[PDB]
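The structure appears right after this line, and notes come after that.
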Amino acid sequence: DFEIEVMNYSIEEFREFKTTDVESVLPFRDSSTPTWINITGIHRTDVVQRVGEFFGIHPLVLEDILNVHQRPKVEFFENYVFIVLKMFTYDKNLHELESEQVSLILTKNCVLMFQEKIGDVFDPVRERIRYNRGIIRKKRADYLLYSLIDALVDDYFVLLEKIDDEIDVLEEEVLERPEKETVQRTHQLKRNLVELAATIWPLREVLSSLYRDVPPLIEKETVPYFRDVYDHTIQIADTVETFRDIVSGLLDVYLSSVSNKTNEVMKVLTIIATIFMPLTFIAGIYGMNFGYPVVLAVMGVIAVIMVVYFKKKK
Amino acid sequence: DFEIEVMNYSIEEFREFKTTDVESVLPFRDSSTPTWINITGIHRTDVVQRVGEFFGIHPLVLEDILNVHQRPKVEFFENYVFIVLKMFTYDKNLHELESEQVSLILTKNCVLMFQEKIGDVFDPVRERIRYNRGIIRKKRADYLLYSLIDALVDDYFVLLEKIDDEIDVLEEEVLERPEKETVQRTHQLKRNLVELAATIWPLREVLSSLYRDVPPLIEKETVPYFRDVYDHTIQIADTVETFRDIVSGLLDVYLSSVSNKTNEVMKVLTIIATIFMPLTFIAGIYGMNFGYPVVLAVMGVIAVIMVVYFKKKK
Amino acid sequence: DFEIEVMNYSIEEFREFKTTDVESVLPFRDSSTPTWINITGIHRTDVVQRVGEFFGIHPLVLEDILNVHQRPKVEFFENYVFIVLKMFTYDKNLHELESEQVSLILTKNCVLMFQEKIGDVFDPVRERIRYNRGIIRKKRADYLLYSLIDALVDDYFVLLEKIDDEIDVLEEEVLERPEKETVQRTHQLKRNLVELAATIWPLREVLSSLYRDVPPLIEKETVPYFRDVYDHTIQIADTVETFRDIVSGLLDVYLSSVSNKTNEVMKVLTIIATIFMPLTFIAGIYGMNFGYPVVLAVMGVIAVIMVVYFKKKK
Amino acid sequence: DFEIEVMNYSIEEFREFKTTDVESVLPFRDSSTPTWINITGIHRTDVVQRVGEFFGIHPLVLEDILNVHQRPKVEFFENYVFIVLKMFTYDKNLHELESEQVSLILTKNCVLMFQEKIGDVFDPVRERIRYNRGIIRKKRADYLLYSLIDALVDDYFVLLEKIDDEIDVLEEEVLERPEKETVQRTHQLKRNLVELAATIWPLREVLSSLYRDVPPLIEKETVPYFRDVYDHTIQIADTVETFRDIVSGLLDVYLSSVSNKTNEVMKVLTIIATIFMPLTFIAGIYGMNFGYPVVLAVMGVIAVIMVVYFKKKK
Amino acid sequence: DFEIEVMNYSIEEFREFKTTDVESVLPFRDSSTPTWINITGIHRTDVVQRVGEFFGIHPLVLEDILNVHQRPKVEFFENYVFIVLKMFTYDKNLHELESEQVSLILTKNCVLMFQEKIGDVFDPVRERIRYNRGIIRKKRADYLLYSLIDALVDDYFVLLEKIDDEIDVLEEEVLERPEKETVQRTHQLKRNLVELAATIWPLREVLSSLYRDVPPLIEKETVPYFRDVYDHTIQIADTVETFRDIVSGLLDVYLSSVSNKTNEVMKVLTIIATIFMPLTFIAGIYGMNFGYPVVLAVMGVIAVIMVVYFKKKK
Ligand SMILES: [Mg+2]
Ligand SMILES: [Mg+2]
Ligand SMILES: [Mg+2]
Ligand SMILES: [Mg+2]
Ligand SMILES: [Mg+2]
Ligand SMILES: [Mg+2]
Ligand SMILES: [Mg+2]
Ligand SMILES: [Mg+2]
Ligand SMILES: [Mg+2]
Ligand SMILES: [Mg+2]
Ligand SMILES: [Mg+2]
Ligand SMILES: [Mg+2]
Ligand SMILES: [Mg+2]
Ligand SMILES: [Mg+2]
């Protein structure tokens, strides 16, 4: 896929368009009114290059934009702030989660964006812009980021939800469903949970590090805003920790459950054994080729003497 | 529910009413005598919105009062100090804990509050101002906050008291009651203890950060008072950690109990089968179609060669 | 119980008595020769109240002396240093430890103590004053504290010694005595260790904080003395963490020992069954109602094709 | 093996050769153009001895170059910098990893290297120089180090990829392949990870030390280059953790898949027993020597009373 | 035992002798040429007392050298530097490790030592002095210290080596030797590892603390030396952890290997049981007392309908 979307807006108005030409966005560098140049489809490296070059982005900072397998970070430069993030997509049921990586380059009045596939969680932001809702138009571009970012971080809540409600189910399946591939299901969660954890802890650190310093900040306007996002990014990485703490000691339940049922089966076998082994032994004697109720009575009394004795076991 | 209580008190005198009108409590802003404007029922967004606009509160902070799914935190501002706390209910028997979110805003001589349902642990703190008991009237309106806060933390101790006695019992249940749902009951405790853990450790931080700084403090009057509640907050978060440390290694005690019971049955089975196998074999042989006490003697001896050989196993 | 002992002493002299009157001790506030006012029995809150009120002790601080369920701490004030400490009693056999809380208040030339029950580990110290042994009399009253403390921390060694020698035994019980109430006897330990380890880790911190600061110290006379009690305090809390780590991987030994014994039983069943199923089957067909050493030969022969085959398994 | 290979180059041009002679490289100490003196074969302690003494290197450092069983480290000196590193080789299938130590000495315009065997992951670096690709020729000799180092670190990624893929398979081996030597295949991995873990966490520290300090650096040319390696270095020593954390809880699946299967076996064995045990006993009673379908029906009716009762277990 | 040894040496010469007299060593105090007054046999408390007093040592400091049950530490004083350490003796095979305590006091030109039994790991040090090997004579008496310590620390490598190889074996013993007291052999390993890990971590800090400060150091002569001991000291403390991480999750393996084998046994027992229970039932029916190849055919066919059905289990 490949599609470039821009949303230049001022305090008063805006336009939007989805051109697939490269050059038709460059002039916006000098635009003194907040623009949002979203470059969906990063597979075309020729485009990032040209843009990179124009805006005065470093060559390595570009490369990072291209290399998806990277830990989220926040780089501070002389001209532009560069952040990378990774939003997720849990395939509910098909227990497995997938990870697109989005890169953000803030410069003057331009929030430059780089997605690798169409679709995101930024719909809410563009439209609040679209039909002027909330305080987005009123404020500058450095805010705009701290809107996109708010948007991304929000998404993780959804997942958590999904996961809580996953846990809730995959808890029940140990307690009272000792079956086969519950086990495998469990281990798919921890896996999922670890994988996640080390993408929030570093993302947490981004909004952590984006808080301490900040050059184009508009101090008491954009800052105390994203404190309330940094705050989110905490809870996220707090919650996770909770999950990875309950999930951790779950398999153990399963085992207790199972090694407890094994007790039951074993027990019945033993009890059946213990009465008809001897009773079939007596009657074995009396197939020897070398009072009929006398033997049955004694048998039938022994088969009691047992079932009694088995009231310390039941 | 919705019921707005107010306790304006000076060094000599106080009143107390229950009006459901939003307006009839605003003029206490400039009342220079310690007020306590309790707002029960945070479902009514319109009333917080009004009182928040009037007291000068930030918009994002109000949002947080309304959003119950948030960690405990304390926010220091130019005019007011904002605090977010959680108080718990443990339903004994039905092993499960429930959580309501109290928020507090101290501004001049107004300890402004926000509960989401009727009923709370602040009964004694309002009663101690009622029949003038202790030093609550005598001291200012920022002290009032550190009377409520003490009440909320003092409740937590009750929860620990319920849980200790719980564990007490639910431990016996592993040692001397190896049954079925003991398993799940225990996992319900860890669950509950993690859930807790993540709600004191932050609350503990509240009273820890509420220590280091503080602008309306009255240094050596109210600060060395809550040092005593920040202390309480520690102990809590230490006790919780003791529990989650004893509860942790409990399933392994059950497992053991049961992977030992397995053995017993497993054992008895084998002695039975081990003896009445061959005896039911010898007495099998002698059902062939192709000294009676010779065979019985030789049977009745082997079954003793076995019993004695089985004094390495008993 | 109630019994207030005192021991004032100078470089030259001392007395000792066991009055049970409250005021007969108050005049020792201004005594410029080291005085040790022991208040055994904290149940008489009135007694505490008076003394406290007299010596100028803060109200909350008095509460702490009466409230036994607290983490050991060292409070620094303008006039007096206030410590809270706990000392234990391990009932050998009945595997269960008990806790009494000692509170200490150092002021000018008064070390003001608070025990709840008669009988302590302070018997050597008063004796060392009694029969002027060592450098006690010689030195001041702040040193006196660091002679009680030492004695408190030195008892803990006794405990560790007990528990070492308790572990040792309860370790053998796993390896070479895989029985029943080993399991519970073990959990009792981790229980007792956690309990403990959350009482030293804090007590450590007291001597750690009593090191970094200190107003009545006599720098190079008392400070480098209790370095070598803060030293001990580290060791104890180092030793405890040793125990809580060995013990930690203990139950897991048991399970393996049992899950291995099960194997033996399981295995012996199978050899038995695996021969005397078919030999009773053979001998089962030859009871059919529709060369005697020919069948005994082929029976006896398979009964070795078996035992031979079972020389991969033994 | 033994084969010393050098690469002196300037902004304009370069040469390469592979002399076995020790002396034909020493004159490059004063070659003002960047020289790369690769010494493959550190077994010849004489060759090392010589080149060391000439370059004014300390003795102890040399030893380290000859000692392979050492943690990677960086040692800063007045004249030169010294680094020790280790690269790895994973034998797929034969689950085991082998470790050659590489050591580096930067001085003026001399990157001095020490391989213990022929073959390395530096093929590209020499190649990029060879066909003047990228910015290698252009920049100084201190930059050259931070090209070797990169290629080495980059190697590690390949390992991680190998293992990820390994994990992915050996994970399926517990889920859906509960066999025998998966057990040992698992541990091995833990074994191999730790071994790794503890060679990255220090190698990570090297590039962490190499970043804070640095005397020959060319500040804003080389220093911000290797940050992006330092970076890598983080990611790796992060990812490792991921793995180590997943694998950790893996054997607990297997165990669970096992204790579950035994249960099936245990069950089958029980129900065959629980029905034919009695039926044969009846048909035992009627082999006594002291309406035919009467018995068969009562048998066959019983055999149904079982199978139905055993619809609670299937 | 008891045998005081001394080795005063200078840039040029030395003597050695093994007096049993306490005084014959005192005069060295003032010797301006490095002396090493090794006092083996600390059971004679009278000796230590005397010399302690003569050198000007503190009384508590002496006690420490007389109390062997103590953590390694580095006390810095006005005149002297005091250090305590421990050296070990792993009884190979008799899986258990023994711990003697060495005590060191550096003062001017007097490295004063305190062993409790004959034999140690300082042999190499004394002789490098004996037959002027290396830079031991050349340098001062401080340096002497950082030669002994080098020697002691160098012993730990032996231990590790002895343990690394112990693990290698006591690992196999799980995979491929599921016997009995292998179990206990691995708990003895953990046991031993923790015992160890609690005396390096502190021995590590001592060379950490000996690094940060140091008064008689000879800055760029003896300091940079022991940097390469502290170094060693870290690796030691590093590898130990590696071990106490492999050995940790080993018992697990053994569990999985035996809960696997319990599966086979269980299995076999089952198949044998699941054919000859009904076949012996058939032939049970035909021992009733109320086409010979007809029954044999139908029995035999079943006994293949089975064997085929059990191609899902093998
Ligand atoms: Mg990059
Ligand atoms: Mg939001
Ligand atoms: Mg939930
Ligand atoms: Mg918020
Ligand atoms: Mg209270
Ligand atoms: Mg088991
Ligand atoms: Mg208190
Ligand atoms: Mg002592
Ligand atoms: Mg000491
Ligand atoms: Mg376990
Ligand atoms: Mg070295
Ligand atoms: Mg690269
Ligand atoms: Mg018959
Ligand atoms: Mg050496």
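Ordered as shown in the structure tokens, chains take letters A, B, and onward, while each chain numbers its residues from 1 and ligands are numbered from 1 in the order shown.
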Given 7 Å and only C-alpha atoms and all ligand atoms, residues near ligand 11 as a PyMOL selection string: (chain D and resi 60-61+63-64) or (chain E and resi 228)
Distance filter 8 Å around ligand 10, atoms: only C-alpha atoms and all ligand atoms, out as a VMD selection string: (chain A and resid 252) or (chain B and resid 252) or (chain C and resid 252) or (chain E and resid 252)
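Ranking C:19, C:109, C:289, C:115 by their shortest atom-to-atom distance to chain D, with only C-alpha atoms included, puts C:289 first.
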Cut-off 8 Å, only C-alpha atoms and all ligand atoms, neighbours of ligand 8 as number ranges by chain: C: 150-151, 154, 229
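For chain C, the residues having at least one atom no farther than 12 Å from chain D, when counting only C-alpha atoms, are residues 259, 266, 284, 287, 288 and 289 of chain C.
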Could you save the residues just selected, with N, CA, C and O atoms, as a PDB file, in the first residue's frame?
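New file again_11.pdb:
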ATOM      1  N   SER C 259       7.505 -37.992  43.788  1.00  0.00           N
ATOM      2  CA  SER C 259       7.182 -38.250  42.402  1.00  0.00           C
ATOM      3  C   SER C 259       8.155 -39.274  41.843  1.00  0.00           C
ATOM      4  O   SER C 259       7.900 -39.882  40.803  1.00  0.00           O
ATOM      5  N   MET C 266       4.600 -47.638  40.989  1.00  0.00           N
ATOM      6  CA  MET C 266       4.040 -47.813  39.670  1.00  0.00           C
ATOM      7  C   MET C 266       4.716 -48.940  38.917  1.00  0.00           C
ATOM      8  O   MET C 266       4.062 -49.774  38.308  1.00  0.00           O
ATOM      9  N   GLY C 284      -6.234 -69.413  31.605  1.00  0.00           N
ATOM     10  CA  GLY C 284      -7.640 -69.088  31.453  1.00  0.00           C
ATOM     11  C   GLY C 284      -8.266 -69.870  30.314  1.00  0.00           C
ATOM     12  O   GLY C 284      -9.412 -70.313  30.422  1.00  0.00           O
ATOM     13  N   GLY C 287      -9.199 -73.638  30.894  1.00  0.00           N
ATOM     14  CA  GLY C 287     -10.387 -73.985  31.666  1.00  0.00           C
ATOM     15  C   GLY C 287     -11.600 -74.099  30.753  1.00  0.00           C
ATOM     16  O   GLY C 287     -12.741 -74.186  31.234  1.00  0.00           O
ATOM     17  N   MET C 288     -11.348 -74.108  29.435  1.00  0.00           N
ATOM     18  CA  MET C 288     -12.409 -74.147  28.422  1.00  0.00           C
ATOM     19  C   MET C 288     -13.121 -75.486  28.398  1.00  0.00           C
ATOM     20  O   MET C 288     -12.539 -76.521  28.060  1.00  0.00           O
ATOM     21  N   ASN C 289     -14.407 -75.439  28.702  1.00  0.00           N
ATOM     22  CA  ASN C 289     -15.202 -76.623  28.777  1.00  0.00           C
ATOM     23  C   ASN C 289     -15.915 -76.793  27.438  1.00  0.00           C
ATOM     24  O   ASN C 289     -17.132 -76.678  27.358  1.00  0.00           O
TER      25      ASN C 289
END
Residues within 9 Å of residue 210 (chain B), only C-alpha atoms, excluding chain neighbours under 4 positions, as a list in words: residues 74, 76, 205, 206, 214, 226 and 230 of chain B
Keeping only N, CA and C atoms, write the selected residues to a file as a compact mmCIF listing (two decimals), in the first residue's frame.
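To be explicit, this is the file written out as result.txt:
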# COMPACT_ATOMS: atom_id res chain seq x y z
N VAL B 74 -1.21 11.96 43.64
CA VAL B 74 -1.38 13.27 44.23
C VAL B 74 -0.79 14.33 43.28
N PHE B 76 0.13 18.37 42.71
CA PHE B 76 0.38 19.68 43.34
C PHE B 76 0.26 20.84 42.35
N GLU B 205 2.92 5.83 47.83
CA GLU B 205 3.67 6.87 47.17
C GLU B 205 3.02 8.23 47.34
N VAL B 206 1.69 8.24 47.38
CA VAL B 206 0.97 9.48 47.57
C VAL B 206 1.43 10.14 48.84
N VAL B 214 4.85 19.80 49.67
CA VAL B 214 3.73 20.49 50.35
C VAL B 214 3.87 22.04 50.39
N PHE B 226 1.12 13.61 59.61
CA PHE B 226 0.90 12.59 58.57
C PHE B 226 2.15 11.75 58.27
N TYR B 230 1.82 8.29 56.60
CA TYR B 230 2.78 7.77 55.63
C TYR B 230 3.46 6.53 56.19
Test item: residues no farther than 12 Å from ligand 6, counting only C-alpha atoms and all ligand atoms, as a count of residues only: 51
Polymer residues at most 8 Å from residue 122 (chain D), only C-alpha atoms, same-chain spacing of 3 or more positions, as a PyMOL selection string: chain D and resi 125-126+148+151-152
Would you write out those residues with N, CA, C and O atoms, as a PDB file, in the first residue's frame?
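Below is the file again-v8.pdb, written as the result:
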ATOM      1  N   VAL D 125      33.090  -5.452   6.270  1.00  0.00           N
ATOM      2  CA  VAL D 125      33.807  -4.218   6.572  1.00  0.00           C
ATOM      3  C   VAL D 125      35.021  -4.017   5.662  1.00  0.00           C
ATOM      4  O   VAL D 125      35.236  -2.920   5.136  1.00  0.00           O
ATOM      5  N   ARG D 126      35.794  -5.080   5.466  1.00  0.00           N
ATOM      6  CA  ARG D 126      36.960  -5.022   4.584  1.00  0.00           C
ATOM      7  C   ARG D 126      36.514  -4.831   3.153  1.00  0.00           C
ATOM      8  O   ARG D 126      37.161  -4.117   2.394  1.00  0.00           O
ATOM      9  N   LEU D 148      33.974  -2.299  12.599  1.00  0.00           N
ATOM     10  CA  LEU D 148      34.195  -3.647  13.082  1.00  0.00           C
ATOM     11  C   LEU D 148      33.233  -3.937  14.199  1.00  0.00           C
ATOM     12  O   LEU D 148      32.477  -4.897  14.141  1.00  0.00           O
ATOM     13  N   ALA D 151      29.681  -4.509  12.859  1.00  0.00           N
ATOM     14  CA  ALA D 151      29.511  -5.794  12.189  1.00  0.00           C
ATOM     15  C   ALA D 151      29.453  -6.946  13.199  1.00  0.00           C
ATOM     16  O   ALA D 151      28.712  -7.906  12.994  1.00  0.00           O
ATOM     17  N   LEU D 152      30.210  -6.835  14.295  1.00  0.00           N
ATOM     18  CA  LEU D 152      30.202  -7.855  15.339  1.00  0.00           C
ATOM     19  C   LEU D 152      28.876  -7.885  16.032  1.00  0.00           C
ATOM     20  O   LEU D 152      28.263  -8.929  16.162  1.00  0.00           O
TER      21      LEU D 152
END
Strand (DSSP E or B) positions in region 24-246 of chain B, given as a PyMOL selection string: chain B and resi 35+37-40+73-76+81-91+96-107+110-115
Suppose we keep C-alpha atoms; can you now write the selection as a PDB file, in the first residue's frame?
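Printed below is again09.pdb as written:
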ATOM      1  CA  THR B  35     -15.035  23.686  55.300  1.00  0.00           C
ATOM      2  CA  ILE B  37     -17.672  19.922  51.039  1.00  0.00           C
ATOM      3  CA  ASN B  38     -18.468  16.238  50.544  1.00  0.00           C
ATOM      4  CA  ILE B  39     -19.905  15.303  47.084  1.00  0.00           C
ATOM      5  CA  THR B  40     -21.484  11.804  47.191  1.00  0.00           C
ATOM      6  CA  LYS B  73      -1.856   9.846  42.698  1.00  0.00           C
ATOM      7  CA  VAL B  74      -1.383  13.274  44.234  1.00  0.00           C
ATOM      8  CA  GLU B  75      -1.168  16.408  42.034  1.00  0.00           C
ATOM      9  CA  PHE B  76       0.378  19.679  43.340  1.00  0.00           C
ATOM     10  CA  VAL B  81      -3.484  20.177  45.970  1.00  0.00           C
ATOM     11  CA  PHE B  82      -5.266  17.271  44.261  1.00  0.00           C
ATOM     12  CA  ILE B  83      -5.316  13.703  45.610  1.00  0.00           C
ATOM     13  CA  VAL B  84      -6.835  10.469  44.161  1.00  0.00           C
ATOM     14  CA  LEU B  85      -7.430   7.553  46.597  1.00  0.00           C
ATOM     15  CA  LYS B  86      -9.140   4.145  46.602  1.00  0.00           C
ATOM     16  CA  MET B  87     -10.933   2.411  49.463  1.00  0.00           C
ATOM     17  CA  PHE B  88     -11.857  -1.231  49.338  1.00  0.00           C
ATOM     18  CA  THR B  89     -14.568  -3.653  50.438  1.00  0.00           C
ATOM     19  CA  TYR B  90     -13.888  -7.340  51.013  1.00  0.00           C
ATOM     20  CA  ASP B  91     -16.939  -9.539  50.847  1.00  0.00           C
ATOM     21  CA  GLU B  96     -13.866 -11.077  45.970  1.00  0.00           C
ATOM     22  CA  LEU B  97     -12.991  -7.404  46.664  1.00  0.00           C
ATOM     23  CA  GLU B  98     -14.701  -4.195  45.507  1.00  0.00           C
ATOM     24  CA  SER B  99     -13.165  -0.725  44.987  1.00  0.00           C
ATOM     25  CA  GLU B 100     -14.598   2.852  45.179  1.00  0.00           C
ATOM     26  CA  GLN B 101     -12.544   5.937  44.217  1.00  0.00           C
ATOM     27  CA  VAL B 102     -12.406   8.946  46.520  1.00  0.00           C
ATOM     28  CA  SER B 103     -10.826  12.133  45.228  1.00  0.00           C
ATOM     29  CA  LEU B 104      -9.743  15.094  47.323  1.00  0.00           C
ATOM     30  CA  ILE B 105      -8.994  18.778  46.526  1.00  0.00           C
ATOM     31  CA  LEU B 106      -7.506  21.074  49.228  1.00  0.00           C
ATOM     32  CA  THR B 107      -7.853  24.771  48.369  1.00  0.00           C
ATOM     33  CA  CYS B 110     -11.950  23.801  51.699  1.00  0.00           C
ATOM     34  CA  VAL B 111     -11.180  20.078  51.775  1.00  0.00           C
ATOM     35  CA  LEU B 112     -13.279  19.226  48.715  1.00  0.00           C
ATOM     36  CA  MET B 113     -14.284  15.524  48.270  1.00  0.00           C
ATOM     37  CA  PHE B 114     -15.791  13.112  45.677  1.00  0.00           C
ATOM     38  CA  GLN B 115     -17.311   9.679  46.507  1.00  0.00           C
TER      39      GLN B 115
END
DSSP helix (DSSP H, G or I) residues within region 56-227 of chain B, listed as a PyMOL selection string: chain B and resi 59-66+123-130+141-175+182-212+219-227
